[PDB]
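Asker: Before anything else, here's the structure in question.
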Amino acid sequence: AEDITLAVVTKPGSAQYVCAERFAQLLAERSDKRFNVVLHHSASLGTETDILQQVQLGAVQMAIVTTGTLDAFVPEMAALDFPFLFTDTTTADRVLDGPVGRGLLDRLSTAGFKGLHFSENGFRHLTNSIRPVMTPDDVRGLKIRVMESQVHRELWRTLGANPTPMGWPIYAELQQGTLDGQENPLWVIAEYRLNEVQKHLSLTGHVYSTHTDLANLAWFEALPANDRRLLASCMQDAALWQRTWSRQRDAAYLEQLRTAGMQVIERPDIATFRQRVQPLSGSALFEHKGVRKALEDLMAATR
Ligand SMILES: CC(C)(CO)[C@@H](O)C(=O)[O-]
């Protein structure tokens, strides 16, 4: 078999881990064992950002990483993590799998990646150790961890938080109180036990977060066309499979976290959240042509 190295930053039972496993399985099956996927996971290889550099270098062939982390590599990706772009998965799926998302995946070539598909991370929700949050006013001052992504730092600056970008993991900082909160989908909060270091959760659903499933461009294009097709086929089916797997578990995660004692605000002030993020579309980042046109194309597609 040819071994193919695929990295994720998270652990077994996590969303991108499950997608990768399913991919590795399907690939082994469909390729009659001509390929064998070697998953690297947890913190072996550093942050998602370190991972990307390794994939860009070719020392790792494939990875599944949170899409926001790619905007350092390809600015237009930031538009995907614009707040309240998507408010349901039906719309998200159609738009991401359709020509607009596909064109954004294609333009990852500019940074030396082949973009294969989007997979699901989830709606991100806000958590903290300081007070309940209903409105943007409630986040004033809070030291909220954000991913190493330009759009996310500016987003949370715009809402009046004091955001700090930082690679995964983050639990020690939260427990040591050095950071007041963070934000992520429900599976993350549960599977990484963030409830242990975070009293509060608000269901803001502020960003619909995807993973990007990608490969080193040069390595991928040097494969025969039938194998390039074979790999895309497997990753597309893996991503579709994992969306369903994860979405089946969301409900249970919420209840798990409730049972665990988190104080949950289930309907925070979303209209006031939306208004407060309005100036972000004139951010330094979002003034850039490529980025703004990508945002516009995405929004148009939702309608
Ligand atoms: C937790 C995570 C690595 C899951 O992809 C990402 O959402 C993050 O860093 O917040």
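Labels used: A, B, ... for chains in the order of the structure tokens, numbers from 1 for residues in each chain, and numbers from 1 for ligands as shown.
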Excluding residue 214 in chain A and any residue of its chain fewer than 6 positions from it, enumerate the residues within 10 Å of it, using only C-alpha atoms, and give them as a ChimeraX atom specification.
Answerer: /A:6,52,55,61-65,105,108,113-118,220,232,235
Asker: Using only N, CA, C and O atoms, please write the residues we just selected to a file, as a tab-separated table (two decimals), in the first residue's frame.
Answerer:
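Generated file (part-v3.tsv):
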```tsv
chain	number	residue	atom	x	y	z
A	6	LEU	N	-2.48	11.82	7.06
A	6	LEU	CA	-3.53	12.82	7.21
A	6	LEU	C	-3.53	13.29	8.64
A	6	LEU	O	-3.61	12.46	9.55
A	52	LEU	N	-1.04	23.11	8.76
A	52	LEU	CA	-1.18	23.62	7.42
A	52	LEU	C	0.17	23.85	6.78
A	52	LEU	O	0.35	23.60	5.60
A	55	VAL	N	1.46	20.55	5.68
A	55	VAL	CA	0.80	20.16	4.44
A	55	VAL	C	1.26	20.99	3.24
A	55	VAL	O	1.42	20.45	2.15
A	61	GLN	N	0.56	14.85	3.84
A	61	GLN	CA	-0.12	14.91	2.55
A	61	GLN	C	-1.50	15.54	2.60
A	61	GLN	O	-1.89	16.22	1.67
A	62	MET	N	-2.24	15.26	3.67
A	62	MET	CA	-3.62	15.68	3.76
A	62	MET	C	-3.95	16.14	5.16
A	62	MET	O	-3.31	15.74	6.10
A	63	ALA	N	-4.96	16.97	5.29
A	63	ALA	CA	-5.43	17.34	6.63
A	63	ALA	C	-6.87	17.81	6.58
A	63	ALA	O	-7.37	18.17	5.50
A	64	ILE	N	-7.51	17.78	7.74
A	64	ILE	CA	-8.83	18.36	7.92
A	64	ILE	C	-8.69	19.37	9.05
A	64	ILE	O	-8.32	19.02	10.17
A	65	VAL	N	-8.93	20.64	8.73
A	65	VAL	CA	-8.72	21.72	9.71
A	65	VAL	C	-9.88	22.72	9.69
A	65	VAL	O	-10.52	22.91	8.66
A	105	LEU	N	-12.87	26.56	-2.51
A	105	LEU	CA	-11.97	25.40	-2.38
A	105	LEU	C	-10.90	25.37	-3.49
A	105	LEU	O	-9.74	25.06	-3.23
A	108	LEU	N	-7.78	27.65	-3.10
A	108	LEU	CA	-6.74	27.20	-2.17
A	108	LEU	C	-5.45	26.76	-2.92
A	108	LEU	O	-4.37	26.77	-2.36
A	113	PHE	N	-2.58	24.34	-1.85
A	113	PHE	CA	-3.45	23.26	-1.36
A	113	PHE	C	-4.46	22.87	-2.43
A	113	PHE	O	-4.94	23.70	-3.17
A	114	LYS	N	-4.78	21.58	-2.48
A	114	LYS	CA	-5.97	21.13	-3.19
A	114	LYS	C	-7.12	21.06	-2.18
A	114	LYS	O	-7.07	20.34	-1.18
A	115	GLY	N	-8.17	21.82	-2.43
A	115	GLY	CA	-9.29	21.79	-1.52
A	115	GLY	C	-10.23	20.72	-2.01
A	115	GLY	O	-10.62	20.73	-3.18
A	116	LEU	N	-10.58	19.79	-1.14
A	116	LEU	CA	-11.41	18.66	-1.54
A	116	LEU	C	-12.87	18.83	-1.22
A	116	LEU	O	-13.72	18.50	-2.02
A	117	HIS	N	-13.15	19.32	-0.03
A	117	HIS	CA	-14.54	19.43	0.43
A	117	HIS	C	-14.55	20.20	1.74
A	117	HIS	O	-13.49	20.42	2.36
A	118	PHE	N	-15.75	20.63	2.10
A	118	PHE	CA	-16.04	21.13	3.44
A	118	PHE	C	-16.71	20.03	4.27
A	118	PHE	O	-17.59	19.31	3.80
A	220	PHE	N	-0.99	15.80	-4.77
A	220	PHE	CA	-2.28	15.34	-5.21
A	220	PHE	C	-2.36	15.27	-6.74
A	220	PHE	O	-2.87	14.31	-7.31
A	232	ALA	N	-11.22	12.13	-4.04
A	232	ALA	CA	-12.28	13.10	-3.89
A	232	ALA	C	-13.59	12.40	-3.54
A	232	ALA	O	-14.36	12.85	-2.70
A	235	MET	N	-13.53	11.39	0.17
A	235	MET	CA	-13.64	12.53	1.06
A	235	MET	C	-15.03	13.13	0.94
A	235	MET	O	-15.58	13.58	1.91
```
Asker: Please identify all protein, DNA and RNA residues within 9 Å of ligand 1, counting only C-alpha atoms and all ligand atoms, and report them as a PyMOL selection string.
Answerer: chain A and resi 8-10+14-16+47-48+64-69+120-122+124+145-148+166-170+182-185+187-189+192+209-211
Asker: List the spatial neighbours of residue 76 in chain A as number ranges by chain - criterion: any atom at most 7 Å away, only C-alpha atoms, same-chain residues fewer than 6 positions off excluded.
Answerer: A: 290-291, 294
Asker: Those same residues - N, CA and C atoms - I'd like them written as a PDB file, in the first residue's frame.
Answerer:
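Output file result-v3.pdb is given in full below:
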```
ATOM      1  N   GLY A 290     -11.122  40.876  -3.105  1.00  0.00           N
ATOM      2  CA  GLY A 290     -11.342  39.441  -3.179  1.00  0.00           C
ATOM      3  C   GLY A 290     -12.239  38.953  -2.052  1.00  0.00           C
ATOM      4  N   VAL A 291     -11.929  39.365  -0.815  1.00  0.00           N
ATOM      5  CA  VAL A 291     -12.676  38.968   0.380  1.00  0.00           C
ATOM      6  C   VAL A 291     -14.149  39.427   0.326  1.00  0.00           C
ATOM      7  N   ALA A 294     -16.157  37.595  -2.307  1.00  0.00           N
ATOM      8  CA  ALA A 294     -16.437  36.243  -1.777  1.00  0.00           C
ATOM      9  C   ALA A 294     -17.615  36.276  -0.759  1.00  0.00           C
TER      10      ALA A 294
END
```
Asker: Identify all residues of range 16-258 of chain A in strand (DSSP E) (DSSP on the backbone) and supply them as a CSV table (one decimal) with N, CA, C and O atoms, in the first residue's frame.
Answerer:
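Written output follows (part_16.csv):
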```csv
chain,number,residue,atom,x,y,z
A,35,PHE,N,-4.0,2.2,-1.1
A,35,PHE,CA,-3.7,3.3,-0.2
A,35,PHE,C,-4.0,2.9,1.2
A,35,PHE,O,-4.9,2.2,1.4
A,36,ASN,N,-3.3,3.5,2.1
A,36,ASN,CA,-3.5,3.3,3.5
A,36,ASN,C,-3.3,4.6,4.2
A,36,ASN,O,-2.2,5.1,4.2
A,37,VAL,N,-4.4,5.1,4.8
A,37,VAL,CA,-4.3,6.5,5.4
A,37,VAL,C,-3.8,6.4,6.8
A,37,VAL,O,-4.3,5.6,7.6
A,38,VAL,N,-2.8,7.2,7.1
A,38,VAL,CA,-2.1,7.2,8.4
A,38,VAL,C,-2.5,8.5,9.1
A,38,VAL,O,-2.1,9.6,8.7
A,39,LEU,N,-3.5,8.4,10.0
A,39,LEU,CA,-4.0,9.5,10.8
A,39,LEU,C,-3.0,10.0,11.8
A,39,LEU,O,-2.5,9.2,12.6
A,40,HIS,N,-2.7,11.3,11.8
A,40,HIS,CA,-2.0,11.9,12.9
A,40,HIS,C,-2.9,12.9,13.6
A,40,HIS,O,-3.6,13.7,13.0
A,62,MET,N,-2.2,15.3,3.7
A,62,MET,CA,-3.6,15.7,3.8
A,62,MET,C,-3.9,16.1,5.2
A,62,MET,O,-3.3,15.7,6.1
A,63,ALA,N,-5.0,17.0,5.3
A,63,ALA,CA,-5.4,17.3,6.6
A,63,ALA,C,-6.9,17.8,6.6
A,63,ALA,O,-7.4,18.2,5.5
A,64,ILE,N,-7.5,17.8,7.7
A,64,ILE,CA,-8.8,18.4,7.9
A,64,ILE,C,-8.7,19.4,9.0
A,64,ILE,O,-8.3,19.0,10.2
A,65,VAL,N,-8.9,20.6,8.7
A,65,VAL,CA,-8.7,21.7,9.7
A,65,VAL,C,-9.9,22.7,9.7
A,65,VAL,O,-10.5,22.9,8.7
A,66,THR,N,-10.1,23.4,10.8
A,66,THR,CA,-11.1,24.4,10.8
A,66,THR,C,-10.9,25.5,9.8
A,66,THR,O,-9.8,26.0,9.7
A,113,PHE,N,-2.6,24.3,-1.8
A,113,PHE,CA,-3.5,23.3,-1.4
A,113,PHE,C,-4.5,22.9,-2.4
A,113,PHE,O,-4.9,23.7,-3.2
A,114,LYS,N,-4.8,21.6,-2.5
A,114,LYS,CA,-6.0,21.1,-3.2
A,114,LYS,C,-7.1,21.1,-2.2
A,114,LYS,O,-7.1,20.3,-1.2
A,115,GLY,N,-8.2,21.8,-2.4
A,115,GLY,CA,-9.3,21.8,-1.5
A,115,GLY,C,-10.2,20.7,-2.0
A,115,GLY,O,-10.6,20.7,-3.2
A,116,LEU,N,-10.6,19.8,-1.1
A,116,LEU,CA,-11.4,18.7,-1.5
A,116,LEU,C,-12.9,18.8,-1.2
A,116,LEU,O,-13.7,18.5,-2.0
A,117,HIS,N,-13.2,19.3,0.0
A,117,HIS,CA,-14.5,19.4,0.4
A,117,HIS,C,-14.5,20.2,1.7
A,117,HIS,O,-13.5,20.4,2.4
A,118,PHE,N,-15.7,20.6,2.1
A,118,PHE,CA,-16.0,21.1,3.4
A,118,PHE,C,-16.7,20.0,4.3
A,118,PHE,O,-17.6,19.3,3.8
A,119,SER,N,-16.3,19.9,5.5
A,119,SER,CA,-17.0,19.0,6.4
A,119,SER,C,-17.5,19.8,7.6
A,119,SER,O,-17.3,21.0,7.7
A,120,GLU,N,-18.1,19.2,8.6
A,120,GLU,CA,-18.8,20.0,9.6
A,120,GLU,C,-18.0,20.1,10.9
A,120,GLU,O,-17.6,19.1,11.4
A,121,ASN,N,-17.9,21.3,11.4
A,121,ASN,CA,-17.5,21.5,12.8
A,121,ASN,C,-18.7,21.8,13.5
A,121,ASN,O,-19.2,21.1,14.4
A,122,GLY,N,-19.4,23.0,13.2
A,122,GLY,CA,-20.7,23.3,13.8
A,122,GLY,C,-20.9,24.8,14.0
A,122,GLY,O,-20.1,25.6,13.9
A,123,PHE,N,-22.2,25.1,14.4
A,123,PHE,CA,-22.5,26.4,15.0
A,123,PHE,C,-21.6,26.7,16.2
A,123,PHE,O,-21.7,25.9,17.2
A,125,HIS,N,-20.8,28.6,19.7
A,125,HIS,CA,-21.5,29.2,20.8
A,125,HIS,C,-20.5,29.7,21.8
A,125,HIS,O,-19.5,29.2,22.0
A,126,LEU,N,-20.9,30.8,22.5
A,126,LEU,CA,-20.0,31.5,23.5
A,126,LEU,C,-20.0,30.9,24.9
A,126,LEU,O,-21.1,30.7,25.4
A,127,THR,N,-18.9,30.7,25.5
A,127,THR,CA,-18.8,30.3,26.9
A,127,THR,C,-17.9,31.2,27.7
A,127,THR,O,-16.9,31.7,27.1
A,128,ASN,N,-18.1,31.3,29.0
A,128,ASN,CA,-17.3,32.1,29.8
A,128,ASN,C,-17.5,31.8,31.3
A,128,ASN,O,-18.4,31.1,31.8
A,145,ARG,N,-10.9,33.8,24.1
A,145,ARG,CA,-10.1,33.1,23.2
A,145,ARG,C,-10.7,33.0,21.8
A,145,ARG,O,-11.9,32.6,21.7
A,146,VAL,N,-10.0,33.3,20.8
A,146,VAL,CA,-10.5,33.0,19.4
A,146,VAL,C,-9.4,32.2,18.7
A,146,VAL,O,-8.3,32.2,19.1
A,164,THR,N,-8.3,37.0,22.2
A,164,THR,CA,-6.9,36.5,22.1
A,164,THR,C,-6.8,35.3,21.2
A,164,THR,O,-7.3,34.3,21.6
A,165,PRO,N,-6.2,35.5,20.0
A,165,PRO,CA,-6.0,34.3,19.1
A,165,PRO,C,-5.1,33.3,19.7
A,165,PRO,O,-4.0,33.7,20.3
A,181,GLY,N,-13.2,33.2,28.6
A,181,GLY,CA,-14.1,32.3,27.8
A,181,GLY,C,-13.5,32.0,26.4
A,181,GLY,O,-12.4,32.3,26.1
A,182,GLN,N,-14.3,31.3,25.6
A,182,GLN,CA,-14.0,30.9,24.3
A,182,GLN,C,-15.3,30.7,23.6
A,182,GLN,O,-16.3,31.0,24.2
A,183,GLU,N,-15.2,30.1,22.4
A,183,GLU,CA,-16.5,29.9,21.7
A,183,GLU,C,-16.2,28.7,20.7
A,183,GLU,O,-15.1,28.6,20.1
A,184,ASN,N,-17.2,27.9,20.5
A,184,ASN,CA,-17.0,26.7,19.7
A,184,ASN,C,-18.3,26.0,19.7
A,184,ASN,O,-19.2,26.3,20.4
A,200,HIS,N,-20.6,29.4,32.1
A,200,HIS,CA,-21.7,30.0,31.3
A,200,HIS,C,-21.6,29.6,29.8
A,200,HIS,O,-20.6,29.4,29.3
A,201,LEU,N,-22.8,29.4,29.2
A,201,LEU,CA,-22.9,29.1,27.8
A,201,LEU,C,-24.1,29.9,27.3
A,201,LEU,O,-25.1,29.9,27.9
A,202,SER,N,-23.9,30.6,26.2
A,202,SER,CA,-25.0,31.2,25.5
A,202,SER,C,-25.1,30.7,24.1
A,202,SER,O,-24.0,30.5,23.4
A,208,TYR,N,-21.1,29.8,11.6
A,208,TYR,CA,-21.3,28.4,11.3
A,208,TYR,C,-19.9,28.0,10.7
A,208,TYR,O,-19.4,28.4,9.7
A,209,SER,N,-19.2,27.1,11.6
A,209,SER,CA,-17.9,26.7,11.4
A,209,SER,C,-17.8,25.4,10.6
A,209,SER,O,-18.4,24.5,11.0
A,210,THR,N,-17.0,25.4,9.6
A,210,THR,CA,-16.7,24.2,8.8
A,210,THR,C,-15.3,23.8,9.1
A,210,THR,O,-14.5,24.7,9.5
A,211,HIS,N,-15.0,22.6,8.7
A,211,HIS,CA,-13.7,22.1,8.4
A,211,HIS,C,-13.5,22.1,6.9
A,211,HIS,O,-14.4,21.9,6.1
A,212,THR,N,-12.2,22.3,6.5
A,212,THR,CA,-11.8,22.2,5.1
A,212,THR,C,-10.9,20.9,5.1
A,212,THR,O,-10.0,20.7,5.9
A,213,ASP,N,-11.3,20.0,4.1
A,213,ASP,CA,-10.6,18.8,3.9
A,213,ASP,C,-9.7,19.0,2.7
A,213,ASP,O,-10.1,19.4,1.7
A,214,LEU,N,-8.4,19.0,2.9
A,214,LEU,CA,-7.5,19.3,1.8
A,214,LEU,C,-6.2,18.5,1.7
A,214,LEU,O,-6.0,17.6,2.5
A,215,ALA,N,-5.4,18.7,0.6
A,215,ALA,CA,-4.2,17.9,0.4
A,215,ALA,C,-3.1,18.9,-0.1
A,215,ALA,O,-3.4,20.0,-0.6
A,216,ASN,N,-1.9,18.4,-0.1
A,216,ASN,CA,-0.8,19.2,-0.7
A,216,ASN,C,-1.1,19.1,-2.2
A,216,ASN,O,-1.4,18.1,-2.8
```
Asker: What's the separation between CA of residue 237 in chain A and CA of residue 109 in chain A, in Å to one decimal place?
Answerer: 21.9 Å
